[PDB]
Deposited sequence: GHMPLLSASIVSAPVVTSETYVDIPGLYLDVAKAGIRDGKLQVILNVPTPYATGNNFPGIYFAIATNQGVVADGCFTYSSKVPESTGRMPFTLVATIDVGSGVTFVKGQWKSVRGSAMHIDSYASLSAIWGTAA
């Protein structure tokens, strides 16, 4: 149709620790399957947790073929929290589509944390034009 909404959602990912950004499997939009204008991209990870022994947390990024375009993180406020609580995370970025063929979510450990998704997470994009 004429006003594309793109969405990918997952409910889990294998638990991993990574020093560097690695794809969150399943959070991937094939944009080439839009060639001009803009995409407002939301990465929504509403119920993540991190396990670790040095102020755990998770960095998240939005990436295209051109690499990371935006990132951010949550961290706990204790070195070893009593419980690794669920720390809702959302990241919003707008990309110029004019060598972008895909958008994806990525994550990376804070201080060696293991990264946990065990429920709904999504990557969404709304197509628009420049002003």
- [ ] Could you name the stretches of the deposited sequence that have no C-alpha atoms in this structure?
- [x] 34-35, 101
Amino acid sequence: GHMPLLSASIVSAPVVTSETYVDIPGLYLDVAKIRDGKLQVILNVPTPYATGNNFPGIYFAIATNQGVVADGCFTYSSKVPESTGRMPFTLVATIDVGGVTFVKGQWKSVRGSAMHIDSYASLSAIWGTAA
From here on, numbers count along this sequence of modelled residues.
TODO: Averaging only over Cα atoms, indicate whether 77-85 or 36-44 has the higher B-factor in the PDB entry.
DONE: 36-44
TODO: Name the higher of the two by mean Cα B-factor in the PDB entry, 5-13 versus 113-121.
DONE: 5-13
Open item on the list: Among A50, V68, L91, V31, where is the Cα B factor highest in this entry?
Closed with: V31
Open item on the list: Which third, lowest, middle or highest, does the C-alpha temperature factor of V97 belong to within its own chain?
Closed with: highest
